[PDB]
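**Q** Need coordinates for the below:
(10 chains)
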10 protein chains.
Amino acid sequence: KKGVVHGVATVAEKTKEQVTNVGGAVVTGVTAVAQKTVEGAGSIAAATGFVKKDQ
Amino acid sequence: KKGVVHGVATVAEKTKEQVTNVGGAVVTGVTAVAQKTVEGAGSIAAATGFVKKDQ
Amino acid sequence: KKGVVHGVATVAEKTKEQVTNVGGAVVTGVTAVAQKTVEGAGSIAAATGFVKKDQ
Amino acid sequence: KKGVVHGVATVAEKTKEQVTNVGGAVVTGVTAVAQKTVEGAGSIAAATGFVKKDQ
Amino acid sequence: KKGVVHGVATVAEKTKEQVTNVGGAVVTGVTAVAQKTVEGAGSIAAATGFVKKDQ
Amino acid sequence: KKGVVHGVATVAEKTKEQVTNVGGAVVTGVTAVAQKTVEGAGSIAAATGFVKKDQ
Amino acid sequence: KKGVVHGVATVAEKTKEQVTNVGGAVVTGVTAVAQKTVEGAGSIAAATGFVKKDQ
Amino acid sequence: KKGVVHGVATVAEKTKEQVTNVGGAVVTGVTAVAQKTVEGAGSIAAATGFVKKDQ
Amino acid sequence: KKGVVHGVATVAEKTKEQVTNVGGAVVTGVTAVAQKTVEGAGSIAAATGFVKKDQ
Amino acid sequence: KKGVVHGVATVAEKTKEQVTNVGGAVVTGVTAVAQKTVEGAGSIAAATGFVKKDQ
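**A** Numbers count the residues shown, from 1 in each chain, chains lettered A, B, ... in the order given. Coordinates below:
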């Protein structure tokens, strides 16, 4: 076989899960957050996949 | 087989899940948030997939 | 076989999970956060995959 | 076979898990955080994969 | 076979797990944090994979 | 002060929450269930407060 | 002060939370269940407070 | 002071939390369950407070 | 002071938490379960407080 | 002071935590279970407080 990509690719066979991202956010997984009190200014309480590039 | 992509591709066979994103947000997964009190200015309480690029 | 990529690629066969990211955040895994009180200004309480590049 | 990459690639066969990242965050693994009280200003309480490059 | 990379590559066969990172954070492994009280300003309580390059 | 009860009482002062039960069920708390597929005959999928006394 | 109870009592002062139960179930706390597939006959998947006295 | 109980009592002062139970189940605490697949016949997957007295 | 109990009592002053149980189950504490696959017939996967008296 | 109990009592002053149990299960403590695969028939995977008296 032959393949040429510029990116971003994701090429496969017999594949149970696939995610391609440029951005941006993708949530595909099981996630449970239980929480009782959030205070403070300002605290990232429960972050799973996170990116902060403030300018 | 032969394939040429510019991106972003996601090419496969026999594949249970697929996500392609440029952006942007995609939520495809099970997610449960239970929460009782959020305060503060300003706190990211429960973030799963998150991207902040303020300018 | 033959392959030429510019990146970012992810090329495979017989592959159960795949993630390609440029960004950005991708959450595909099982995650449970149980939490009772968050205070302080400002404290990253429970971070799993995290990136902070403030300017 | 033949392959030429610019990076970042991840090329394989018969492969159970794959992650490619430039960024950014990717969470694909099982993670359990149980927590009772977070205080202080500001303390990284429970960080699993973490990167802080404040300028 | 023949291969030329610029990096960062990860090239393999018959491979159970793969991670490629430039960044950034990747969490793919089992992780359990149980915690009862975090105080102090500011103390990295429980860090698994961590990088701090404040300027 | 003086108090005589037969039960079930719940006597207090300055008290944020109170529940008295004989029965029976009382749900006063925050609860989030997210769920994707339930099968089997017959499986208690997600039970929070539960009592089964079949005769 | 003086108090005589038969039970079940719960007597207090300056008290943030109170539960009295004879039964029966009481749910007053924060609870998050995220779930993707339940099978089998019959499996208690996620039980928090649970009592089974089948006869 | 003077007190005579038959049980079950719970007598106090200046008390943040109180639970009295005869039964039965009481859930007052923070709880997060994240789960991806439950199979088998029949397996208690994730039990927190549990009592099984089948006859 | 004077006290006579038959049991089960729990008598106190200046007390942050109290639990009285006859039964039965009481869950008042922070609990996080993250889980990816449960199989087998039948395996107690993750049990925190547990009692099995099958007859 | 004077006290006569039949049991089970728990009598105190200035006391941060209290548990009285006859049964039965009580979970009041911080607990984190992260888990990736459970198999076998039948294996107690992760048990914290456990009692099995099958007849």
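**Q** who in chain A is up against chain D?
**A** A:29, A:40, A:43, A:46, A:48, A:49, A:50, A:51 (CB under 8 Å from any CB of the partner chain). (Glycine included, C-beta is placed from N, CA and C.)
**Q** residues in contact with the fourth one?
**A** With contact set as CB atoms under 8 Å, 6 or more residues apart in numbering or on different chains, residue A:46 has these partners: A:33, A:35, B:45, B:46, B:47, C:33, C:35, C:45, C:46, D:33.
**Q** The last one touches residue C:35, doesn't it?
**A** Yes. Applying CB atoms under 8 Å as the test, residue D:33 and residue C:35 come out as touching, 7.4 Å apart.
**Q** re the thing from before, any chance of CSV for the contacts of residue A:46, columns secondary structure?
**A** Formatted as CSV, those follow (DSSP: H, G, I helix; E, B strand; the rest coil):
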residue, secondary structure
A:33, strand
A:35, coil
B:45, coil
B:46, strand
B:47, strand
C:33, strand
C:35, coil
C:45, coil
C:46, strand
D:33, strand
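**Q** Out of those residues, flag the one nearest to residue B:11.
**A** residue B:47 (30.8 Å; CB to CB).
**Q** What's the local residue count around that closest one?
**A** Residue B:47 sits with 23 neighbouring residues when counted by other CB atoms under 10 Å in any protein chain shown.
**Q** what about residue A:5, how many residues close to it?
**A** 27.
**Q** Which residues are in contact with it?
**A** Counting by CB under 8 Å, 6+ apart, residue A:5 touches A:11, B:4, B:5, B:6, B:7, B:9, C:4, C:5, C:6, C:9.
**Q** follow-up on the earlier one: looking at the contacts of residue A:46, which one is closest to residue D:25?
**A** residue B:47 (10.9 Å).
**Q** Touching, residue A:54 and residue B:52? I think so.
**A** Yes. Look at residue A:54 against residue B:52 with CB under 8 Å: they come within range, at 6.5 Å.
**Q** I'd like to know how far residue A:24 sits from residue J:47.
**A** Separation of residue A:24 from residue J:47 (CB to CB, to the nearest Å): 42 Å.
**Q** Over to residue A:54?
**A** Looking at residue A:54 against residue J:47, where the rule is CB to CB, the gap reads 45 Å.
**Q** ditto for residue A:44
**A** Between residue A:44 and residue J:47 the computed distance is 34 Å (CB to CB).
**Q** likewise residue A:40?
**A** Using CB to CB, we find residue A:40 at a distance of 36 Å from residue J:47.
**Q** same check, this time on residue A:11
**A** The separation that residue A:11 has from residue J:47, given CB to CB, amounts to 44 Å.
**Q** Residue A:3 now?
**A** The gap separating residue A:3 from residue J:47 is 49 Å, by CB to CB.
**Q** How about residue A:34?
**A** Distance, residue A:34 to residue J:47, using CB to CB: 22 Å.
**Q** cool, residue A:28 as well?
**A** Distance, residue A:28 to residue J:47, by CB to CB: 31 Å.
**Q** With residue A:4 instead?
**A** Applying CB to CB to residue A:4 and residue J:47 gives a distance of 54 Å.
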